[PDB]
Structures are given as structure tokens and as C-alpha cells.
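Undergrad: Sharing a structure, written as C-alpha cells. Questions coming.
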Amino acid sequence: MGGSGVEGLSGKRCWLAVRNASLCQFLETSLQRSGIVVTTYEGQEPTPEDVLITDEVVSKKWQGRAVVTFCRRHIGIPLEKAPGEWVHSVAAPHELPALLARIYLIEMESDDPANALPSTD
């Protein structure tokens, strides 16, 4: 006499291998405001439906949805040039959460203003 049912809430997952503690805390919290759950990617198994947010140069890679690596210049890291790898410079902390939203098809995906000034003289 009653009602029995299995309760289970879903949510987008993200793994991060950011060694920049202050930076990673900023981006992860900004993203978690959406209900997305982040987890540090160490000796774990990469998920095909999950993304790897990486900082600088990390020897371990990822096999899944996509990788978003923010390095100063990039060395032995896949420099994008492929529909799955995203290379970007850590110009500003806000660059990461914006890219994440675009990749995960979030409402706040936005667009790049391409801010440049033609100094032909």
C-alpha cells in the first residue's frame, strides 16, 4: 500500500586536468552554476560523452567527446586542427567557460568578437 520508485537525477559531467588551482576553481564554479558536475581527471577512464578541460601541457590524453586545452603556447599537445581537439591560449579566465558552453551547446555559448586593430601605419 503505497508508491515505490527509483529516483535518479541526471546532469552533465566534465573532467578537468587544470593545474592552475585559482583558474580551475573559477571556471569550475562558473560552470557548476548550471548544475554540471566537474571532477579532477587523473588516473581515470575517459568517457566518450564527456569532455576533458586541460591546462598547459599534460602528458595524459583523453578519448571521449572533446578536449579543451588552454596552454600558453602549446608544445606536445594536440594543437586543435581537428573536429574534437580545442587548443586555446590562457589570455583571460573568461575564455574557458565560454568555450565550454559553445562545445556543450549551452544557451550561453556566445561568439568571439575577434578584437584586433589594423596597424598598417
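The chains in the C-alpha cells are called A, B, ... from first to last as shown; in each chain the residues are counted from 1, and the ligands are counted from 1 in the order shown.
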Just list the residues in chain A DSSP gives helix (DSSP H, G or I) on the backbone, as a ChimeraX atom specification.

TA: /A:21-32,95-103

Undergrad: Name all residues at most 8 Å from residue 39 of chain A (count only C-alpha atoms; drop same-chain ones fewer than 4 positions away) and give them as an mmCIF file with C-alpha atoms, in the first residue's frame.

TA:
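So the final result, stored in part_39.cif, reads:
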```
data_model
loop_
_atom_site.group_PDB
_atom_site.id
_atom_site.type_symbol
_atom_site.label_atom_id
_atom_site.label_comp_id
_atom_site.auth_asym_id
_atom_site.auth_seq_id
_atom_site.Cartn_x
_atom_site.Cartn_y
_atom_site.Cartn_z
ATOM 1 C CA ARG A 13 29.648 15.756 -16.458
ATOM 2 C CA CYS A 14 33.008 17.410 -17.037
ATOM 3 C CA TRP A 15 36.529 16.320 -16.166
ATOM 4 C CA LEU A 16 39.307 18.821 -15.625
#
```

Undergrad: Counting only C-alpha atoms, which residue out of A:115, A:69, A:120, A:59 sits closest to residue 87 of chain A?

TA: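 Closest candidate: A:69.
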
Undergrad: Residues at most 7 Å from residue 71 of chain A, counting only C-alpha atoms, excluding those fewer than 6 positions away in the same chain, as a list in words?

TA: residues 55, 56, 57, 88, 89 and 90 of chain A

Undergrad: Write out, as a PDB file, in the first residue's frame, the residues just selected, with C-alpha atoms.

TA:
```
ATOM      1  CA  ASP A  55      45.559  23.378 -18.721  1.00  0.00           C
ATOM      2  CA  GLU A  56      49.045  23.963 -20.124  1.00  0.00           C
ATOM      3  CA  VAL A  57      50.877  20.765 -21.078  1.00  0.00           C
ATOM      4  CA  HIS A  88      43.424  27.980 -26.896  1.00  0.00           C
ATOM      5  CA  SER A  89      45.685  30.434 -25.114  1.00  0.00           C
ATOM      6  CA  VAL A  90      45.021  31.384 -21.491  1.00  0.00           C
TER       7      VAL A  90
END
```

Undergrad: How many Å lie between atom CA of residue 73 of chain A and atom CA of residue 97 of chain A, rounded to one decimal?

TA: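 Taking atom CA of residue 73 of chain A as the start and atom CA of residue 97 of chain A as the end point, the length is 19.4 Å.
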
Undergrad: So which residues touch residue 93 of chain A within 12 Å, counting only C-alpha atoms, skipping near sequence neighbours fewer than 4 positions away, as a short mmCIF file (atom, residue, chain, number, x, y, z; two decimals) with N, CA and C atoms, in the first residue's frame?

TA:
```cif
data_model
loop_
_atom_site.label_atom_id
_atom_site.label_comp_id
_atom_site.auth_asym_id
_atom_site.auth_seq_id
_atom_site.Cartn_x
_atom_site.Cartn_y
_atom_site.Cartn_z
N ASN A 20 46.29 24.87 -12.79
CA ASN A 20 46.07 26.22 -12.31
C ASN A 20 44.90 26.22 -11.32
N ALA A 21 45.22 26.18 -10.04
CA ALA A 21 44.22 25.99 -8.99
C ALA A 21 43.22 27.15 -8.93
N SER A 22 43.73 28.37 -8.96
CA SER A 22 42.86 29.54 -8.91
C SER A 22 42.00 29.63 -10.16
N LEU A 23 42.61 29.36 -11.31
CA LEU A 23 41.90 29.37 -12.58
C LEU A 23 40.83 28.28 -12.62
N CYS A 24 41.22 27.06 -12.26
CA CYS A 24 40.32 25.92 -12.35
C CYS A 24 39.12 26.10 -11.43
N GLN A 25 39.36 26.70 -10.26
CA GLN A 25 38.29 26.96 -9.31
C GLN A 25 37.30 27.97 -9.88
N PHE A 26 37.81 28.94 -10.63
CA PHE A 26 36.98 29.96 -11.24
C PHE A 26 36.06 29.36 -12.30
N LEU A 27 36.65 28.63 -13.24
CA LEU A 27 35.89 28.07 -14.35
C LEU A 27 34.93 26.99 -13.89
N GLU A 28 35.37 26.14 -12.95
CA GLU A 28 34.55 25.03 -12.50
C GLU A 28 33.31 25.53 -11.76
N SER A 30 31.88 28.55 -12.19
CA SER A 30 31.06 29.24 -13.18
C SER A 30 30.21 28.24 -13.97
N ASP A 55 44.80 22.14 -18.79
CA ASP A 55 45.56 23.38 -18.72
C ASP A 55 47.04 23.12 -18.99
N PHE A 70 43.94 24.71 -22.60
CA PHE A 70 44.38 26.10 -22.60
C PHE A 70 45.84 26.19 -22.19
N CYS A 71 46.72 26.32 -23.16
CA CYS A 71 48.15 26.43 -22.89
C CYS A 71 48.64 27.83 -23.23
N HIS A 88 43.67 26.57 -27.14
CA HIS A 88 43.42 27.98 -26.90
C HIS A 88 44.45 28.52 -25.92
N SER A 89 44.76 29.80 -26.04
CA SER A 89 45.68 30.43 -25.11
C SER A 89 44.94 30.96 -23.89
N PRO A 97 35.19 29.16 -19.86
CA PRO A 97 33.77 28.86 -19.65
C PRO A 97 32.93 29.15 -20.89
N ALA A 98 33.37 30.13 -21.68
CA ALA A 98 32.69 30.48 -22.91
C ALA A 98 32.86 29.37 -23.95
N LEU A 99 34.08 28.86 -24.06
CA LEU A 99 34.37 27.78 -24.99
C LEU A 99 33.61 26.52 -24.59
N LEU A 100 33.58 26.25 -23.29
CA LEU A 100 32.87 25.10 -22.75
C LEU A 100 31.40 25.14 -23.13
#
```
